[PDB]
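> pasting the sequence and an experimental structure:
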Amino acid sequence: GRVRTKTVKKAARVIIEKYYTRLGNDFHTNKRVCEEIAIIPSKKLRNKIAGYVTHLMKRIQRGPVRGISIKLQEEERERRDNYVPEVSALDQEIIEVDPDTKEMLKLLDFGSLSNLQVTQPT
Amino acid sequence: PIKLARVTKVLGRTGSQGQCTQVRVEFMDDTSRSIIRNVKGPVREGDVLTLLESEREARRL
Amino acid sequence: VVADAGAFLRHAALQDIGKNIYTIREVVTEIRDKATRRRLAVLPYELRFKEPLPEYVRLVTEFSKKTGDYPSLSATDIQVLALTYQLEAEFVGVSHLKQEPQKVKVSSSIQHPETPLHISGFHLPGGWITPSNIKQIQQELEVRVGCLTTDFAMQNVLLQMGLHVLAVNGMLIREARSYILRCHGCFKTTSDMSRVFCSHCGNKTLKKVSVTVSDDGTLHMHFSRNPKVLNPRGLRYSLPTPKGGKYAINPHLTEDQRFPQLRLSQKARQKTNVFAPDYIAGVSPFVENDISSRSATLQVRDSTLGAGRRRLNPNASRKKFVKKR
Amino acid sequence: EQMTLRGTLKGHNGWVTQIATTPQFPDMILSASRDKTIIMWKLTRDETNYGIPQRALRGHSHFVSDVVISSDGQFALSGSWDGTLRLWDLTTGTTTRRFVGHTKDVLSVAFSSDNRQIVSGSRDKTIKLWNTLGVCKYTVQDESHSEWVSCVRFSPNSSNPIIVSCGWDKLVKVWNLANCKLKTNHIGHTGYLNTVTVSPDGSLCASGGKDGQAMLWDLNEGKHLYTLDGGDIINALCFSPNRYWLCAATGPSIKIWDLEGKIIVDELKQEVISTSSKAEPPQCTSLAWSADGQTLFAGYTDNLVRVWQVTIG
RNA sequence: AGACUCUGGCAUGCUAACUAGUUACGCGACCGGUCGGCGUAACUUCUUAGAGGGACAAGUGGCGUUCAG
Ligand SMILES: [Zn+2]
């Protein structure tokens, strides 16, 4: 059958990683921009690269890939990562606690905690 | 009695040398009687056969 | 009439029943079954894709974390819930539906959680599965808008609001009998039945508890007052030193530990179906075992295979000549 | 005021990239395509079909990216990816002159009401001035564009003869004849540019591209005026000669704007099939407004020209 | 090994060809036509020999851990 070359793949990844903005879904446009971006000797090789780019973008615009880093999804990812809510999830009104746990707390000087609700195992 | 046939599905290749085709036969007698038969030669899905004996049933199990 | 993914999945042809047929565009694209997608490709098109306002989505989630279902829910699940709420607000009066649910009533019994009540075939002292009973087997069956939700986590939030919902059947659903899991360390409930570690404290400590939700909006839980359940039997046992590599099967202790991939070959994990139309021609009555591939010699097994073997306590006695894979 | 499909035009194998409508004849309309063929259509507007092809202008060795008509409906001009700029005769259906100078893909072609003023815009990073006979007037190199020259149009106005050139370098550059001097730089875009269209009055220009935001600039002032947001990428931009209407070809659909109130007029899309859910709908590459003021000519990736007519009510 | 290069298939697009050919136009021969008869204005269809294109699994559908294929 037919299988993609390592060289073709790596170059494609480079081209997507750097210049995602220039590329699209039109194969020919992607080919031409590739030709105007990278130092490619062979036509066939260039074509292959373009194809790989095209496939990649068909795939990538649906959802993010495992391999490369996009210059928009880096920002987006960062935004999603450095997120914090308004109210902390540990700052809770009433926390449910075991009798044993309560006992332990008492044996640590913290018998004067207010937020605890000692629920019995029914 | 001579009964005409249909081809519902082409299953695989039987025979020693891979010469016989195992084929699902629907009847053209309106009945949904699906008997699996062996054919010699090229058969595609949508062929119509002329079976000499309809009572026969080819290698099932 | 807001359709969930379960409606298409169970092939509920209730396109004749409702007129307000609306769904999310996401839930119909998430289905991986070919027959349901084939059904989507044919059905009389009166359905209309709708996405709700973020004001309503914020309002659903506001009390979804109060009822204790929000972790069990999905993103798409909230979307359907919000769709119903904003559709009810559009046509009918919004004042019908309550904000903030009710305090749950605790009612304990001495029955074991594994008792086969509410299983249709099983019968105590006549309860028969008949060729008439098959379409009747649904749940607990009793005007303009509703839902087609088969998921209980969905149904719970819907009925807490007071949104009149239904199932694959024509008439409205009143009482919702199902099981939920409660962790006996942190007491945080999940409606997701599949999971084995809790979302909160991560231990393998989730235990089955039966719940009922009325159309009124009241919840009650039946806790097991049975010492067999909360018994510290086969729990402390010495564990092997953690091995890495390709073949090492670790004892499985957290929900998110990285296992080395050990899959079964396609020759192996093919089950024989006898109801195939072309089955009779195939030489042998059963699909051949795999014995040639590496997965067989490494003794890679399916998750369902070896189930009760896990339930036995490790500090016990296996037969003198067996090793437990 | 509504927009409705009057008919559909079939005749191209490759994508319809540019449509050129003539003011002189409201009965014959020219359409460029990727199948290396530019078809002159004879309109019949029957229930069977809206128009039958009359002549197919074969000659180019690559995609015909831009076609343009003349002041009179007797001359055509095309710019194809092979670096060839070809002057066509619509009467004979044969080439008259061949304009050779570019090394790369000739993207866009410009033509005046004066007629003896031809400007080609190529990926060669170069603007070239041409005579009707084939003489190169002036080669532009001194700070033309950092990247590909996307689209080039003139100003159909009795005032200053101004050329507008947008590029892939994120800039809109304004040039003036006889001096060939950079008049106005227009900075305010995210992503590459695709199309430029000048007002029929000769006062405003509209530029768009990747961002999906049609940026409106003034010709006389050199000033920002409007920003018109859209869903997807902009392929083509269009003006109405009578209605003061900015029609922009978006992703799969077309979006019509009224600039007087910044209001949407109508969205234009026809697709019923839900079976191809994981497949992307055919994009609309070309867009041209007819001389009538009611008829729209839209070229798609589906290699199919669709026509839109105005039904009042 | 693959990749690299060539080669072949394709161009009524381009570059040319007094050792390639066609068309038209003159003269002649023959019965308004036939002529591998002869003489320069048409430039490449045929012929040649080069450049540049052109195919990349490009697109659609199905199958696929929904990815590799
Ligand atoms: Zn817990």
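Arrived safely. Numbers count the residues shown, from 1 in each chain, chains lettered A, B, ... in the order given.
> so residue C:59 touches residue C:86, yeah?
No. At 9.0 Å, residue C:59 and residue C:86 do not qualify as touching, with contact defined as CB atoms under 8 Å. For the C-beta atoms, the positions are set from N, CA and C on the backbone; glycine is no exception.
> more crowded one of those two?
residue C:86 (20 against 16; other CB atoms under 10 Å in any protein chain shown).
> my guess is the more buried one meets residue C:54, correct?
No. Residue C:86 lies out of contact with residue C:54 (CB under 8 Å); the separation is 10.4 Å.
> wait, a strand at residue D:246?
Yes. The assignment for residue D:246 is a strand, going by DSSP: H, G, I helix; E, B strand; the rest coil.
> skipping its backbone neighbours, what lies nearest it in space?
In this structure, residue D:246 finds its nearest non-sequential neighbour in residue D:257, 4.6 Å apart by CB to CB, 6 or more residues apart in numbering or on different chains.
> where exactly do the strands run in the stretch 51-200 of chain D?
In the stretch 51-200 of chain D, the strands defined using DSSP state E, counting those that start in this stretch lie at D:51-58, D:64-69, D:75-80, D:84-89, D:94-100, D:106-111, D:118-122, D:127-130, D:136-140, D:149-153, D:162-167, D:171-176, D:181-187, D:193-198.
> Serialize the ones you listed to CSV and add fields for mean neighbour count.
Shown next, in CSV, are these (neighbours: other CB atoms under 10 Å in any protein chain shown):
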stretch, mean neighbour count
strand D:51-58, 17
strand D:64-69, 23
strand D:75-80, 25
strand D:84-89, 21
strand D:94-100, 15
strand D:106-111, 25
strand D:118-122, 25
strand D:127-130, 22
strand D:136-140, 15
strand D:149-153, 25
strand D:162-167, 25
strand D:171-176, 20
strand D:181-187, 14
strand D:193-198, 23
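> residue in the stretch 51-200 of chain C nearest to chain A?
residue C:187 (4.5 Å; CB to the nearest CB).
> could you check how many residues crowd around that residue?
17.
> beta partners for the nearest residue in space to it that is not next to it in sequence?
Residue nearest to residue C:187 in three dimensions, not counting chain neighbours: residue A:96, with 4.5 Å by CB to CB, 6+ apart. Applying DSSP bridges to residue A:96 yields these beta-bridge partners: residue A:117.
> right, and residue A:96 touches residue A:115 too?
No. In this structure, residue A:96 is not within contact of residue A:115 by CB under 8 Å, at 10.5 Å.
> the two: which has the busier surroundings?
Set side by side, residue A:96 and residue A:115 show more neighbours around residue A:96, with 13 against 10, by other CB under 10 Å.
> surely residue D:227 meets residue D:211?
No. Contact criterion CB under 8 Å: residue D:227 and residue D:211 do not qualify, at 9.8 Å.
> for chain B, what are the nearby residues on chain C?
By CB under 8 Å from any CB of the partner chain, the part of chain C that sits against chain B consists of C:277-278, C:280-281, C:283-285.
> show me the residues around whichever residue of chain D sits closest to chain B that make contact.
For chain D and chain B, the shortest gap (CB to the nearest CB) falls at residue D:275, measuring 23.2 Å. Residue D:275 is in contact with C:40-41, counting by CB atoms under 8 Å, 6 or more residues apart in numbering or on different chains.
> distance of it from the ion?
45 Å (CB to the ion, to the nearest Å).
> before we move on, what about residue A:39?
Residue A:39 is 58 Å from the ion, by CB to the ion.
> and that residue, that one's in a strand?
No. Using three-state DSSP, the secondary structure at residue A:39 is coil, not a strand.
> what strand or helix carries residue A:64?
Assigned by DSSP states H and E, residue A:64 belongs to no helix or strand.
> burial check on the residue lying closest to it once chain neighbours are set aside, number of neighbours?
In this structure, residue A:64 finds its nearest non-sequential neighbour in residue A:73, 5.7 Å apart by CB to CB, 6+ apart. Taking other CB under 10 Å as the criterion, the count of residues near residue A:73 is 15.
> surely residue A:73 meets residue A:61?
No. Applying CB under 8 Å as the test, residue A:73 and residue A:61 come out as separate, 11.3 Å apart.
> about what we covered before: let me know the secondary structure of the residue of the stretch 51-200 of chain C closest to chain A.
Quick answer, by three-state DSSP: residue C:187 is coil.
> surely it and residue A:119 touch.
Yes. With contact defined as CB under 8 Å, residue C:187 counts as touching residue A:119 (6.3 Å).
> okay, and the common contacts of these two?
Common neighbours of residue C:187 and residue A:119 (CB under 8 Å, 6+ apart) are residue A:96.
> which of the helices or strands spans the residue nearest the centre of chain A?
A centroid search over chain A (CA atoms, centre = their mean) returns residue A:77, at 5.6 Å, as the residue closest to the centre. Element membership for residue A:77, per DSSP H and E: helix A:73-81.
> let's see that helix as PDB, backbone CA atoms only.
The C-alpha trace of helix A:73-81 is given here as PDB (Å, rounded to 0.1, in the frame of the first residue of the first chain):
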ATOM      1  CA  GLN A  73      -4.300  26.500  21.700                       C
ATOM      2  CA  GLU A  74      -1.200  27.300  23.800                       C
ATOM      3  CA  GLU A  75      -3.000  30.500  24.900                       C
ATOM      4  CA  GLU A  76      -6.300  28.700  25.300                       C
ATOM      5  CA  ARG A  77      -4.800  25.800  27.200                       C
ATOM      6  CA  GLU A  78      -3.000  28.300  29.500                       C
ATOM      7  CA  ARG A  79      -6.300  30.100  30.100                       C
ATOM      8  CA  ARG A  80      -8.000  26.800  30.900                       C
ATOM      9  CA  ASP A  81      -5.100  25.800  33.300                       C
END
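> and residue C:51, how close does it get to residue C:4?
15 Å (CB to CB, to the nearest Å).
> I should have written residue D:104 there, sorry.
Distance, residue D:104 to residue C:4, using CB to CB: 55 Å.
> more crowded one of these two?
Taking neighbours as other CB under 10 Å, residue D:104 and residue C:4 compare with residue C:4 leading, 26 against 18.
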